[PDB]
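Participant: Have a look at this one before I ask anything.
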Amino acid sequence: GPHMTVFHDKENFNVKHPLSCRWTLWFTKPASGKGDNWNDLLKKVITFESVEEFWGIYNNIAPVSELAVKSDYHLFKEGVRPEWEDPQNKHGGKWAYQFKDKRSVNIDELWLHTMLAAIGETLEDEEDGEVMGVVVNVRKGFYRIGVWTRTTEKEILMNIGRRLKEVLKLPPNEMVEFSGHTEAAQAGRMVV
Amino acid sequence: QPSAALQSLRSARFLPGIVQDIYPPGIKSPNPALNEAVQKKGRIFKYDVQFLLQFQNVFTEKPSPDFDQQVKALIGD
């Protein structure tokens, strides 16, 4: 009674579904064809706090399969820039998988499910405090999907990698790989 | 001018966490087993992907009235 969800009336509803934190979608554009912008490519698109907002965003932005080469989407917890130099990423790393063929992959669905696992809090457990964001890279020869973590320490990290492997529907032979962002971090094989 | 759906979104109250008993026929709730183990049930909300996908064809309006033009100007050369 007191609650009308979007499923009860999609025009006139009065409750919405919270996320466990605020999240920000970022977009990295290709270098400008005008020749005057190779160094200011990372754009903050929007910050959101609800499941409904996520879908209003997702339903009104280009899917991965429509992006130009050398574009990225980044979905990061509010306050974390999707750059290794952010204080919350500097000592961290990522689990990542490269899809060696851009055509044999429902990349839009895999990226969507990666974002849904992130915002739905099914990549890591409560108080693991590791997931900072997720990212998809569009490159000439490949797509890459990754989960950025706060540290490089450990069972918490390995389970995140296995959960990503599951979300991406990968068979056992296909390995998701962990790497530190910095050379020092990586200097100090972790695969699932 | 904001869509009716966006007006609703802006004025709606957050649910207090994961709720099981509020959905109409045919709509599944978030998996209660994922949330059984959560301690801070007022802060941490676990939603299975199947639950979240139910919204895909349901909330389709733009998150702001000028969103399309805003994104284009942000990204365009």
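Chain identifiers are assigned as A, B, and so on, following the order in which chains appear in the structure tokens; residues are numbered from 1 within each chain, and ligands are numbered from 1 in order of appearance.
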Chain A near chain B within 6 Å: what's each residue's closest atom pair and its distance in Å to one decimal, counting only C-alpha atoms, ordered by chain then ascending residue number, as a tab-separated table?
Facilitator:
```
residue	atom	partner	partner_atom	distance
A:11	CA	B:5	CA	4.4
A:12	CA	B:8	CA	5.6
A:13	CA	B:8	CA	5.5
A:14	CA	B:12	CA	4.2
A:15	CA	B:12	CA	4.7
A:16	CA	B:14	CA	4.9
A:17	CA	B:15	CA	5.6
A:18	CA	B:14	CA	5.8
A:20	CA	B:44	CA	4.9
A:32	CA	B:77	CA	5.5
A:55	CA	B:59	CA	6.0
A:56	CA	B:60	CA	5.1
A:59	CA	B:60	CA	5.6
A:120	CA	B:47	CA	4.5
A:121	CA	B:46	CA	5.2
```
Participant: Please identify the strand (DSSP E) residues within range 44-188 of chain A (assignment by DSSP from backbone atoms) and present them as a ChimeraX atom specification.
Facilitator: /A:44-50,71-77,93-99,131-138,143-149,177-180
Participant: Can you write just those residues out, N, CA, C and O atoms, as a short mmCIF file (atom, residue, chain, number, x, y, z; two decimals), in the first residue's frame?
Facilitator:
```cif
data_model
loop_
_atom_site.label_atom_id
_atom_site.label_comp_id
_atom_site.auth_asym_id
_atom_site.auth_seq_id
_atom_site.Cartn_x
_atom_site.Cartn_y
_atom_site.Cartn_z
N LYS A 44 33.68 13.22 -16.51
CA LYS A 44 32.70 12.78 -15.52
C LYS A 44 31.30 12.98 -16.09
O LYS A 44 30.91 14.09 -16.44
N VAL A 45 30.55 11.91 -16.23
CA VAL A 45 29.21 11.99 -16.81
C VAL A 45 28.14 12.30 -15.77
O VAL A 45 27.43 13.30 -15.88
N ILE A 46 28.01 11.46 -14.75
CA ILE A 46 26.88 11.59 -13.83
C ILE A 46 27.10 10.74 -12.58
O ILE A 46 27.69 9.67 -12.66
N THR A 47 26.64 11.24 -11.45
CA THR A 47 26.62 10.49 -10.20
C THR A 47 25.18 10.13 -9.84
O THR A 47 24.25 10.93 -10.03
N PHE A 48 25.00 8.90 -9.36
CA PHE A 48 23.67 8.37 -9.08
C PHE A 48 23.68 7.55 -7.80
O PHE A 48 24.73 7.14 -7.29
N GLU A 49 22.47 7.28 -7.28
CA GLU A 49 22.30 6.70 -5.96
C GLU A 49 21.22 5.63 -5.91
O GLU A 49 20.92 5.12 -4.82
N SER A 50 20.60 5.29 -7.03
CA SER A 50 19.50 4.36 -6.99
C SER A 50 19.57 3.43 -8.18
O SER A 50 20.19 3.75 -9.20
N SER A 71 38.07 4.42 -26.58
CA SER A 71 37.11 4.94 -25.61
C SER A 71 37.07 3.98 -24.43
O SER A 71 37.36 2.79 -24.54
N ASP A 72 36.64 4.52 -23.30
CA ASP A 72 36.45 3.74 -22.08
C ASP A 72 35.21 4.20 -21.35
O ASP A 72 34.88 5.39 -21.36
N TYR A 73 34.54 3.28 -20.65
CA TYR A 73 33.62 3.63 -19.58
C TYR A 73 34.20 3.19 -18.25
O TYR A 73 34.83 2.14 -18.15
N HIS A 74 33.97 3.99 -17.23
CA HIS A 74 34.44 3.70 -15.88
C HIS A 74 33.29 3.95 -14.92
O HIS A 74 32.69 5.03 -14.94
N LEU A 75 33.00 2.99 -14.07
CA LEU A 75 31.95 3.15 -13.07
C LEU A 75 32.62 3.00 -11.70
O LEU A 75 32.98 1.88 -11.30
N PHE A 76 32.77 4.12 -10.99
CA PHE A 76 33.57 4.16 -9.76
C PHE A 76 32.76 4.73 -8.61
O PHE A 76 31.86 5.56 -8.77
N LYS A 77 33.08 4.25 -7.42
CA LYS A 77 32.43 4.77 -6.23
C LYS A 77 32.67 6.27 -6.13
O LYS A 77 33.73 6.78 -6.50
N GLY A 93 45.16 -2.14 -7.50
CA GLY A 93 45.39 -2.88 -8.72
C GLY A 93 44.07 -3.22 -9.38
O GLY A 93 43.04 -2.60 -9.11
N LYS A 94 44.09 -4.24 -10.23
CA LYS A 94 42.87 -4.62 -10.93
C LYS A 94 42.90 -6.09 -11.30
O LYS A 94 43.96 -6.68 -11.53
N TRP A 95 41.72 -6.68 -11.30
CA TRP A 95 41.48 -7.93 -12.00
C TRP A 95 40.96 -7.57 -13.38
O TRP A 95 40.07 -6.73 -13.49
N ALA A 96 41.50 -8.17 -14.42
CA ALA A 96 41.09 -7.81 -15.76
C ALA A 96 41.10 -9.01 -16.68
O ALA A 96 41.85 -9.97 -16.48
N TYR A 97 40.25 -8.93 -17.70
CA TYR A 97 40.20 -9.92 -18.75
C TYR A 97 40.11 -9.23 -20.09
O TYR A 97 39.33 -8.29 -20.25
N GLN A 98 40.95 -9.66 -21.03
CA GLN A 98 40.95 -9.12 -22.38
C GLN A 98 40.22 -10.10 -23.29
O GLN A 98 40.59 -11.28 -23.37
N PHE A 99 39.21 -9.60 -23.98
CA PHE A 99 38.46 -10.39 -24.96
C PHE A 99 39.20 -10.20 -26.27
O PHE A 99 39.09 -9.14 -26.90
N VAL A 131 36.55 -3.21 -3.69
CA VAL A 131 36.14 -2.74 -5.01
C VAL A 131 36.07 -1.22 -5.03
O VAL A 131 35.31 -0.61 -4.27
N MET A 132 36.83 -0.61 -5.93
CA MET A 132 36.76 0.83 -6.15
C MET A 132 35.95 1.20 -7.38
O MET A 132 35.29 2.24 -7.37
N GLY A 133 35.98 0.37 -8.40
CA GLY A 133 35.27 0.69 -9.62
C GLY A 133 35.45 -0.44 -10.60
O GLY A 133 36.21 -1.38 -10.36
N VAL A 134 34.71 -0.35 -11.72
CA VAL A 134 34.83 -1.27 -12.83
C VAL A 134 35.05 -0.46 -14.11
O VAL A 134 34.64 0.69 -14.22
N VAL A 135 35.67 -1.08 -15.10
CA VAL A 135 36.04 -0.35 -16.31
C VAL A 135 35.96 -1.28 -17.50
O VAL A 135 36.30 -2.47 -17.41
N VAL A 136 35.54 -0.72 -18.64
CA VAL A 136 35.63 -1.37 -19.93
C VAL A 136 36.43 -0.48 -20.86
O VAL A 136 36.21 0.73 -20.94
N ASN A 137 37.40 -1.08 -21.55
CA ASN A 137 38.26 -0.41 -22.52
C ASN A 137 37.92 -0.94 -23.91
O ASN A 137 37.90 -2.15 -24.13
N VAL A 138 37.72 -0.04 -24.85
CA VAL A 138 37.56 -0.40 -26.26
C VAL A 138 38.86 -0.05 -26.96
O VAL A 138 39.25 1.12 -27.03
N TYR A 143 38.54 -5.81 -26.53
CA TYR A 143 37.92 -5.20 -25.36
C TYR A 143 38.61 -5.73 -24.10
O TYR A 143 39.14 -6.85 -24.08
N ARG A 144 38.55 -4.93 -23.05
CA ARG A 144 39.03 -5.36 -21.74
C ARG A 144 38.01 -4.92 -20.72
O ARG A 144 37.52 -3.79 -20.76
N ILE A 145 37.72 -5.80 -19.77
CA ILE A 145 36.88 -5.47 -18.62
C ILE A 145 37.68 -5.74 -17.36
O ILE A 145 38.37 -6.77 -17.26
N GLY A 146 37.62 -4.81 -16.41
CA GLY A 146 38.36 -4.95 -15.18
C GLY A 146 37.61 -4.43 -13.96
O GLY A 146 36.67 -3.63 -14.07
N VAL A 147 38.04 -4.93 -12.81
CA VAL A 147 37.59 -4.46 -11.50
C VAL A 147 38.81 -3.90 -10.79
O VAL A 147 39.77 -4.64 -10.54
N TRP A 148 38.76 -2.61 -10.44
CA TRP A 148 39.85 -1.96 -9.73
C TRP A 148 39.65 -2.16 -8.24
O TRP A 148 38.53 -2.03 -7.72
N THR A 149 40.76 -2.48 -7.55
CA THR A 149 40.76 -2.76 -6.13
C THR A 149 41.63 -1.77 -5.36
O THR A 149 42.57 -1.17 -5.90
N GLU A 177 43.24 -11.98 -14.61
CA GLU A 177 44.57 -11.73 -14.08
C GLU A 177 44.57 -10.49 -13.22
O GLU A 177 43.98 -9.47 -13.57
N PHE A 178 45.26 -10.57 -12.09
CA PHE A 178 45.42 -9.44 -11.21
C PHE A 178 46.77 -8.78 -11.44
O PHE A 178 47.79 -9.47 -11.60
N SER A 179 46.78 -7.45 -11.42
CA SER A 179 48.01 -6.69 -11.58
C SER A 179 47.91 -5.40 -10.78
O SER A 179 46.83 -4.82 -10.66
N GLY A 180 49.02 -4.98 -10.18
CA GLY A 180 49.07 -3.68 -9.54
C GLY A 180 49.13 -2.56 -10.57
O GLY A 180 49.57 -2.76 -11.70
#
```
Participant: Figure out the distance between CA of residue 2 in chain B and CA of residue 8 in chain A, please, to one decimal in Å.
Facilitator: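 So the two atoms, CA of residue 8 in chain A and CA of residue 2 in chain B, lie 20.0 Å apart.
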Participant: Among chain B, which ones does DSSP assign to alpha helix (DSSP H) (computed from the backbone)? Answer as a list in words.
Facilitator: residues 4, 5, 6, 7, 8, 9, 10, 11, 32, 33, 34, 35, 36, 49, 50, 51, 52, 53, 67, 68, 69, 70, 71, 72, 73, 74 and 75 of chain B
Participant: Could you write out that same residue set with N, CA and C atoms as a short mmCIF file (atom, residue, chain, number, x, y, z; two decimals), in the first residue's frame?
Facilitator:
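Once written, out_9.cif looks like this:
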```cif
data_model
loop_
_atom_site.label_atom_id
_atom_site.label_comp_id
_atom_site.auth_asym_id
_atom_site.auth_seq_id
_atom_site.Cartn_x
_atom_site.Cartn_y
_atom_site.Cartn_z
N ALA B 4 7.47 12.53 -16.26
CA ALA B 4 6.75 12.11 -15.06
C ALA B 4 7.58 11.12 -14.25
N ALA B 5 8.26 10.20 -14.95
CA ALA B 5 9.09 9.22 -14.26
C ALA B 5 10.23 9.88 -13.50
N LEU B 6 10.85 10.90 -14.10
CA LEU B 6 11.94 11.58 -13.42
C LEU B 6 11.42 12.42 -12.26
N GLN B 7 10.28 13.08 -12.44
CA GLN B 7 9.63 13.76 -11.32
C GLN B 7 9.41 12.81 -10.16
N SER B 8 8.87 11.63 -10.44
CA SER B 8 8.66 10.63 -9.41
C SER B 8 9.97 10.24 -8.74
N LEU B 9 11.00 9.98 -9.56
CA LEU B 9 12.29 9.58 -9.02
C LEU B 9 12.84 10.64 -8.07
N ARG B 10 12.76 11.90 -8.47
CA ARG B 10 13.32 12.97 -7.64
C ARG B 10 12.59 13.12 -6.32
N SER B 11 11.29 12.83 -6.30
CA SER B 11 10.49 13.01 -5.11
C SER B 11 10.32 11.74 -4.29
N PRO B 32 16.78 -12.91 -0.82
CA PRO B 32 17.01 -12.68 0.62
C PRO B 32 18.24 -13.38 1.15
N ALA B 33 18.69 -14.45 0.51
CA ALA B 33 19.84 -15.19 1.02
C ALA B 33 21.12 -14.38 0.91
N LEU B 34 21.23 -13.51 -0.10
CA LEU B 34 22.42 -12.68 -0.22
C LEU B 34 22.53 -11.70 0.92
N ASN B 35 21.39 -11.29 1.45
CA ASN B 35 21.33 -10.26 2.47
C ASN B 35 21.24 -10.80 3.89
N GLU B 36 20.92 -12.09 4.04
CA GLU B 36 20.85 -12.72 5.36
C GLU B 36 22.11 -12.45 6.17
N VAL B 49 21.72 -9.95 -9.88
CA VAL B 49 21.61 -9.39 -11.22
C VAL B 49 20.22 -9.63 -11.80
N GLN B 50 19.62 -10.80 -11.56
CA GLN B 50 18.29 -11.05 -12.10
C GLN B 50 17.28 -10.02 -11.62
N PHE B 51 17.33 -9.68 -10.34
CA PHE B 51 16.45 -8.65 -9.79
C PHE B 51 16.66 -7.34 -10.50
N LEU B 52 17.92 -6.94 -10.65
CA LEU B 52 18.23 -5.65 -11.25
C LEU B 52 17.80 -5.58 -12.72
N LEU B 53 17.88 -6.69 -13.44
CA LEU B 53 17.51 -6.67 -14.85
C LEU B 53 16.03 -6.41 -15.06
N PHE B 67 19.83 15.73 -20.67
CA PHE B 67 20.92 14.76 -20.56
C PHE B 67 21.60 14.52 -21.89
N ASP B 68 20.82 14.40 -22.97
CA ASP B 68 21.42 14.03 -24.25
C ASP B 68 22.36 15.12 -24.74
N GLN B 69 21.90 16.37 -24.70
CA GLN B 69 22.73 17.50 -25.10
C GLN B 69 23.93 17.66 -24.16
N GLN B 70 23.72 17.40 -22.86
CA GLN B 70 24.81 17.53 -21.90
C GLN B 70 25.93 16.55 -22.21
N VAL B 71 25.58 15.29 -22.47
CA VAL B 71 26.58 14.28 -22.79
C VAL B 71 27.29 14.64 -24.08
N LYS B 72 26.53 15.06 -25.10
CA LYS B 72 27.15 15.40 -26.38
C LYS B 72 28.19 16.50 -26.21
N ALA B 73 27.86 17.55 -25.45
CA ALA B 73 28.79 18.65 -25.27
C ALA B 73 29.99 18.25 -24.43
N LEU B 74 29.78 17.34 -23.48
CA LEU B 74 30.88 16.85 -22.67
C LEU B 74 31.90 16.10 -23.52
N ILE B 75 31.44 15.35 -24.52
CA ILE B 75 32.27 14.38 -25.22
C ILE B 75 32.74 14.87 -26.59
#
```
Participant: CA of residue 142 in chain A and CA of residue 172 in chain A are how many Å apart?
Facilitator: 20.0 Å
Participant: Could you jot down the CA of residue 114 in chain A to CA of residue 167 in chain A separation for me, Å, one decimal place?
Facilitator: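 These atoms are spaced 6.4 Å apart.
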